[PDB]
Amino acid sequence: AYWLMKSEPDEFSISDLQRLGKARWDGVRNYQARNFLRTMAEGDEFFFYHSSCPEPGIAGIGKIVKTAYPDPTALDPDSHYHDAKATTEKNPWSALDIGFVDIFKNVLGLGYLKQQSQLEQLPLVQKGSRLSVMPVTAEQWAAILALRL
């Protein structure tokens, strides 16, 4: 299956993932996003979307290496994603491990993606959408890959 996940590049970029090889994706604090994250399977691929930056858009591709597990950042008071309501026995959040797949020479801007009729059903381009983790259909995935060329 295919997906798309958001990350601020100054915090964690596709370049960082390329360097690390594999890393932990955490800090997802939206139930709808969390639920999608929990359904991701090993081998699934996702578009790495750069958010809150000068050049927002799809910056590369990653893959799922380890499925969802309790997010350790929720229990860390020093983490920006700390959740005082979470406990070791009751953690409402999930993280997972991802791996590097590819990095784009040129980011596919949000505005550019919104111009694609084939992506009209993608939450990313829907007004009022604030979902950070979302599914991507095979058709949408192929359409975005074609945009690279």
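Residues numbered from 1 in each chain as written, not as in the entry; some residues may be left out. Heavy atoms only, no water.

- As documented in the archive entry, the model was determined using X-ray crystallography at 1.60 Å resolution.

### Things to note about the UniProt feature "domain: EVE" (unreviewed entry) in the chain
Point 1. Residues annotated in UniProt with the feature "domain: EVE" (unreviewed entry) correspond here to residues 1-146.
Point 2. Here residues 1-146 runs as 21% helix and 34% strand, with 18 Å between its end C-alpha atoms. (UniProt positions renumbered as here; feature names shortened; annotations may be inferred. Helix = DSSP H or I, 4+ residues; strand = E, 2+ residues; numbered from the N terminus.)

### Quick notes on the environment of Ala-146
Point 1. Turning to its location among the elements, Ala-146 is positioned in helix α4 (residues 138-148).
Point 2. The spatial distance from the C-alpha of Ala-146 to the C-alpha of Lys-66 is 28 Å, given a sequence separation of 80 residues.

### A short note on the packing of aromatic side chains
Point 1. Enumeration over the complete set of coordinates arrives at 9 aromatic pairs.
Point 2. Consider the rings of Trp-25 and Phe-46, whose centres lie 5.5 Å apart with planes at 70 degrees: the pair is edge-to-face. Here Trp-25, found in strand β2 (residues 22-25), pairs with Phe-46, found in strand β3 (residues 45-50); they are 21 residues apart in sequence, far enough to count as distant. Take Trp-25 and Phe-46: they sit in the same class, and that class is buried.
Point 3. A connected cluster of aromatic rings, assembled from ring pairs, spans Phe-12, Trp-25, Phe-46 and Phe-48.
Point 4. One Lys or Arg, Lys-6, reaches over the ring of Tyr-49 and ends 5.8 Å from the middle of that ring. (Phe/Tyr/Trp six-rings, centres within 6.5 Å; stacked < 30°, edge-to-face > 60°. Buried < 20%, exposed > 50% of the residue type's maximum accessible area, 1.4 Å probe, protein only. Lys NZ or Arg CZ within 6 Å of the ring centre and 35° of its normal.)

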